[PDB]
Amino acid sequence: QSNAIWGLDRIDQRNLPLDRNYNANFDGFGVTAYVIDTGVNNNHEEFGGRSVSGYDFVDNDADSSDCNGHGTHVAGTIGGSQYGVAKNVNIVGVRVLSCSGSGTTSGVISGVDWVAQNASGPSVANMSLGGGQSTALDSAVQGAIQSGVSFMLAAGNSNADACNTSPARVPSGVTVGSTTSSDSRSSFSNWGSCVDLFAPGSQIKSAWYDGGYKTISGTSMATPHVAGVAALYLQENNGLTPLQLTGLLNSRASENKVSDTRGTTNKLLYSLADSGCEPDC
């Protein structure tokens, strides 16, 4: 609410300066976010029971507990009570990355397919992960999106063209670059024609796998801001197809706020239900 951390603070307003407030009209009630990552600590206090295990494709078991931190931190930015965007969203852990944060292409695909097969009501998927170009992984993500589930994808952190990263480059995904609280593109953020918009990703505080908290930076942290907002939009309109949700993320985004976009469309995440063309529509 107040004393809001900067990422949340930024996404409910058009312009700087920050006002230390995160205002919301929705909270993700009745929506489920599938976190395809290192797992999620279901017992973390930030979730208040709204997190449950999905499946663990690293160890082939039913317990998607997190032994790295990244997955929990991402889930916290989507749905944590203090530090999340959509404070009553449901969270499901889809563990495809090991305690060290490594995974296999085929294990990630299994997680993607699992979300397509198991999503029930209004759903969004978060993939804060990426590696080399893979047509097989691209095809699985494209398939899950055709199934009706929107996918938020990290652009990557190499200060490079996101189009050379899978799954970031999948056109029908919503691919997210990272900014700081000064509205600069984060210096590590990938960039380019495959990036759909920017969101807060530098110095983001959220839940950690040990039950405490951690502040970290990456396009991996920007992405769940966007998934969080997708959950807000899905609560507002349960029936949005991925094409409709993409359209709305675009039309509602704040325009021309970001510096050093380096060939990326100048759109920054906005969490509220009104259109960002409003200078000149």
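Counting begins at 1, following the sequence as shown.
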With respect to the recorded C-alpha B factors, which stretch has the higher mean value, 44 to 52 or 250 to 258?
44 to 52
Taking the mean of the C-alpha B-factors per stretch from the entry, tell me the winner out of 130 to 138 and 81 to 89.
130 to 138
Highest-ranked of 123, 184, 106, 206 once sorted by CA temperature factor in the record
106
So, residue 62's CA B-factor, relative to its chain, sits in which third? The highest
Considering only modelled residues of the same chain, in which third does the CA B-factor of residue 11 rank: lowest, middle or highest?
lowest
Considering every modelled residue of the chain and its Cα B-factor in the PDB entry, is residue 199 in the lowest, middle or highest third?
lowest
Where does the C-alpha B-factor of residue 39 rank in its chain, lowest, middle or highest third?
lowest
Using only modelled residues of the chain, where does the Cα B factor of residue 213 rank: lowest third, middle third or highest third?
middle
